[PDB]
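Going left to right, the sequence shown walks through residues 44 to 124, 198 to 301, 324 to 355, 357 to 396, 411 to 492 as the entry's author numbering numbers them. C-beta atoms are modelled at their ideal positions from N, C-alpha and C, and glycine is treated no differently. To start, the structure under review is shown below, and the notes come after it.
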Amino acid sequence: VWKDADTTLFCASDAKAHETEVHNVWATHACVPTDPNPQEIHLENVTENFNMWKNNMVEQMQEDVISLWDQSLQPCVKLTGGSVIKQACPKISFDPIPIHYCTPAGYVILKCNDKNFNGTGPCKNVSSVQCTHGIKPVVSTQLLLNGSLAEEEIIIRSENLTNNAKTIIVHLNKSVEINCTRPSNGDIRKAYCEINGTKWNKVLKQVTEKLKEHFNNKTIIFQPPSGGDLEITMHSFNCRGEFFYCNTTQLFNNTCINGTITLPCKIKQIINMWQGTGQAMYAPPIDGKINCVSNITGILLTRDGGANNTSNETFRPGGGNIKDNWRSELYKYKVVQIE
Ligand SMILES: O=C(NC[C@@]12CCC[C@@H]1CNC2)C(=O)Nc1ccc(Cl)c(F)c1
Ligand SMILES: *[C@@H]1O[C@H](CO)[C@@H](O)[C@H](O)[C@H]1NC(C)=O
Ligand SMILES: *[C@@H]1O[C@H](CO)[C@@H](O)[C@H](O)[C@H]1NC(C)=O
Ligand SMILES: *[C@@H]1O[C@H](CO)[C@@H](O)[C@H](O)[C@H]1NC(C)=O
Ligand SMILES: *[C@@H]1O[C@H](CO)[C@@H](O)[C@H](O)[C@H]1NC(C)=O
Ligand SMILES: *[C@@H]1O[C@H](CO)[C@@H](O)[C@H](O)[C@H]1NC(C)=O
Ligand SMILES: *[C@@H]1O[C@H](CO)[C@@H](O)[C@H](O)[C@H]1NC(C)=O
Ligand SMILES: *[C@@H]1O[C@H](CO)[C@@H](O)[C@H](O)[C@H]1NC(C)=O
Ligand SMILES: *[C@@H]1O[C@H](CO)[C@@H](O)[C@H](O)[C@H]1NC(C)=O
Ligand SMILES: *[C@@H]1O[C@H](CO)[C@@H](O)[C@H](O)[C@H]1NC(C)=O
Ligand SMILES: *[C@@H]1O[C@H](CO)[C@@H](O)[C@H](O)[C@H]1NC(C)=O
Numbered sequence: 044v045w046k047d048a049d050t051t052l053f054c055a056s057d058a059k060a061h062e063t064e065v066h067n068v069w070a071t072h073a074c075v076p077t078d079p080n081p082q083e084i085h086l087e088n089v090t091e092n093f094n095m096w097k098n099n100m101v102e103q104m105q106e107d108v109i110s111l112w113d114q115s116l117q118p119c120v121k122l123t124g198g199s200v201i202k203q204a205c206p207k208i209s210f211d212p213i214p215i216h217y218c219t220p221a222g223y224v225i226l227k228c229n230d231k232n233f234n235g236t237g238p239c240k241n242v243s244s245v246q247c248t249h250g251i252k253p254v255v256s257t258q259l260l261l262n263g264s265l266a267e268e269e270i271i272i273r274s275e276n277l278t279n280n281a282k283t284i285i286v287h288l289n290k291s292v293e294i295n296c297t298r299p300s301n324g325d326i327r328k329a330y331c332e333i334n335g336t337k338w339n340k341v342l343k344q345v346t347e348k349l350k351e352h353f354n355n357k358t359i360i361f362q363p364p365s366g367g368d369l370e371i372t373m374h375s376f377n378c379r380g381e382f383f384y385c386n387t388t389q390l391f392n393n394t395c396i411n412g413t414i415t416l417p418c419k420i421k422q423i424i425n426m427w428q429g430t431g432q433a434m435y436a437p438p439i440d441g442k443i444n445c446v447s448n449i450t451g452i453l454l455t456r457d458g459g460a461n462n463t464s465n466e467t468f469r470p471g472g473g474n475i476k477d478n479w480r481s482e483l484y485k486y487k488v489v490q491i492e
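Structure below.
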């Protein structure tokens, strides 16, 4: 027998000890080797309830990623608590690797295998495992990158859809590549992201149809963020140690519902910390071509309020709470204590 419970997890990975890449370094000191032959027991006729929005695994991963960034991505100047911290800010090697989360003895991880599981409620197909799949701690806003894809239909996740204050996570069942480059050769901070318009608009259309299922067939409208910090109004992410801020207005217009979509981007040195601890300044971009090709596997949306007396629902790209990023991958897991 077992029961819902919280415990201190540990991590496993395939990090390389000789690698200077910061994720590899962190995992080499903070994790253990993965199990080449992991066991998974499928529970028969066992119904378990899950709540992705109240899952301590999320807080723990958040804590790891904060620790990793605090140890490997120190800015030149930190502005937190009214105090000023000046440190050395050397360029680093940066590229997220898969991190596994595992339970100690006496505990096990329950995994929901229902094809269209939305993250909350009962689950029919449950299995037990010692470790989650390899999860890359990719930090971003608006768009979820290099994540896992839904297996069947596109899934809509939210602690409470009726509450517009609750973030919506869109889980795609098909990747859409985004190609971001800061050309070698001028404005060293100028950059751009390219995206196949035909693929994107087709996916966004599918997302529209899915949202209809959850909103009584009301008309679904996309719009760019109304306000807020740059980290939220724009698609922000880290590519090779550099912070990219991309204008996604071209992605979220309802006109295309086919050529290459070119999003204007800029590399910023001064950032609002996702750890929510003030601002940070980093050194200028490294020389040469700075390029990252990522899979868009999910979208973070916020719904406009005050539309109850209309046939429209308005959705704008959002984010800013990186815990939602971890939820998008940890939704199917929960920890239980064994007898
Ligand atoms: O600052 C952040 N969040 C906090 C706010 C989002 C919600 C309200 C908070 C007020 N300031 C913005 C943030 O995510 N920053 C941030 C920084 C770098 C990257 Cl790569 C990123 F993806 C996000
Ligand atoms: C349970 O999981 C299996 C395997 O993925 C799937 O075929 C089935 O549709 C799911 N639904 C049930 C019956 O629990
Ligand atoms: C990008 O997505 C494709 C599937 O669409 C996958 O094969 C590939 O491994 C992904 N790359 C990542 C996650 O870095
Ligand atoms: C993606 O999900 C949608 C429903 O949300 C479905 O219509 C479509 O067939 C799915 N595509 C793939 C690649 O499975
Ligand atoms: C997930 O499914 C449960 C019922 O199993 C339902 O109460 C909840 O509204 C669903 N979540 C979403 C976001 O649709
Ligand atoms: C969901 O949000 C709505 C709107 O704020 C609220 O009225 C309702 O009580 C919430 N539902 C739950 C389950 O708390
Ligand atoms: C990414 O886009 C750049 C645009 O300059 C292009 O040179 C490169 O071939 C693209 N890479 C992939 C994997 O499509
Ligand atoms: C754009 O996407 C379509 C599929 O929707 C694909 O067939 C085509 O090759 C893509 N165009 C380019 C320029 O690669
Ligand atoms: C949306 O409209 C279709 C029309 O075929 C209907 O079948 C379906 O029940 C409607 N869904 C909602 C959530 O209103
Ligand atoms: C994105 O680009 C559009 C078109 O140039 C512009 O109107 C809008 O203000 C930009 N968004 C942000 C957040 O700067
Ligand atoms: C996504 O994965 C690809 C392949 O490993 C990588 O090149 C790219 O930099 C990743 N994107 C981000 C934002 O980390």
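Out of curiosity, what's the CA-to-CA distance linking residue i and residue j?
i: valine 75; j: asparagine 392; result: 46 Å
i: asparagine 377; j: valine 44; result: 44 Å
i: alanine 204; j: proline 118; result: 7 Å
i: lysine 97; j: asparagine 232; result: 19 Å
i: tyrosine 384; j: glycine 235; result: 30 Å
i: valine 255; j: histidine 216; result: 17 Å
i: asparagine 67; j: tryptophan 112; result: 12 Å
i: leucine 277; j: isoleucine 270; result: 16 Å
i: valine 292; j: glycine 263; result: 11 Å
i: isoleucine 452; j: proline 470; result: 7 Å
i: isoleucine 443; j: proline 212; result: 16 Å
i: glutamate 87; j: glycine 222; result: 21 Å
i: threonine 63; j: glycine 380; result: 13 Å
i: residue 499; j: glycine 324; result: The requested residue 499 does not occur in the structure, where the chain is confined to residues 44 to 492.
i: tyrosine 435; j: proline 214; result: 26 Å
i: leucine 390; j: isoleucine 84; result: 42 Å
i: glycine 472; j: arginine 480; result: 12 Å
i: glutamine 362; j: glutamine 82; result: 46 Å
i: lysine 485; j: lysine 202; result: 41 Å
i: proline 220; j: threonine 388; result: 46 Å
i: residue 514; j: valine 200; result: This structure cannot settle anything about residue 514, because the visible part of the chain is limited to 44 through 492.
i: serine 365; j: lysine 421; result: 21 Å
Using beta-carbon positions only, say whether residue i and residue j come within less than 7 Å of one another.
i: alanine 460; j: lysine 121; result: no
i: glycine 335; j: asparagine 411; result: yes
i: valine 89; j: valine 245; result: no
i: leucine 260; j: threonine 450; result: yes
i: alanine 329; j: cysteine 239; result: no
i: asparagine 80; j: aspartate 49; result: no
i: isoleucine 333; j: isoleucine 414; result: yes
i: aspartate 107; j: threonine 77; result: no
i: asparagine 465; j: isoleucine 360; result: yes
i: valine 101; j: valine 489; result: no
i: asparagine 386; j: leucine 369; result: no
i: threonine 123; j: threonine 430; result: yes
i: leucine 226; j: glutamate 275; result: no
i: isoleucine 423; j: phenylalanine 382; result: no
i: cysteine 445; j: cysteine 296; result: yes
i: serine 300; j: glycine 458; result: no
Assuming the contact rule is C-beta atoms closer than 8 Å, residue i and residue j should be a hit. Round their C-beta distance to whole Å, please.
i: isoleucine 396; j: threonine 467; result: Between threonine 467 and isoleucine 396 the Cβ distance is about 14 Å, and since that is not below 8 Å, they are no contact.
i: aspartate 47; j: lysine 357; result: With a Cβ gap of about 36 Å, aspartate 47 and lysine 357 do not count as contacting.
i: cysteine 218; j: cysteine 247; result: 4 Å
i: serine 115; j: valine 65; result: 4 Å
i: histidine 374; j: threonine 455; result: The pair is not a contact, with the Cβ atoms about 14 Å apart (cut-off 8 Å).
i: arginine 273; j: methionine 104; result: Not confirmed; about 17 Å, so no contact.
i: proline 206; j: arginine 327; result: So it is not a contact: roughly 19 Å between Cβ atoms.
i: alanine 60; j: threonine 71; result: 5 Å
Any chance the CB of residue i is under 6 Å from a heavy atom of ligand 10?
i: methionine 373; result: yes
Would you check whether ligand 2 has a heavy atom nearer than 6 Å to the C-beta of residue i?
i: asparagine 80; result: no
i: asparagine 241; result: yes
Nearer than 6 Å: is that true of the beta carbon of residue i relative to any heavy atom of ligand 9?
i: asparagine 355; result: yes
Are there any heavy atoms of ligand 5 lying less than 6 Å away from the beta-carbon of residue i, as far as the coordinates show?
i: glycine 380; result: no
i: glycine 237; result: yes
Is residue i near ligand 11, going by C-beta to nearest heavy atom under 6 Å?
i: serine 56; result: no
Under 6 Å from any heavy atom of ligand 8, does the C-beta of residue i make it?
i: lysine 337; result: yes
Considering only heavy atoms of ligand 7, does any lie closer than 6 Å to the CB of residue i?
i: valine 446; result: yes
i: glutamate 91; result: no
Quick one: does the C-beta of residue i sit closer than 6 Å to a heavy atom of ligand 6?
i: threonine 51; result: no
i: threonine 278; result: yes
With a threshold of 6 Å (Cβ to nearest heavy atom), would residue i be considered close to ligand 3?
i: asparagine 262; result: yes
Do residue i and ligand 1 come close, with the Cβ less than 6 Å from some heavy atom?
i: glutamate 482; result: no
Contact between the segment 286-300 and the segment 470-478 is defined here as three or more beta-carbon pairs at a separation below 8 Å; is this criterion met?
Because the criterion of three Cβ pairs below 8 Å is not met, the segment 286-300 and the segment 470-478 do not touch.
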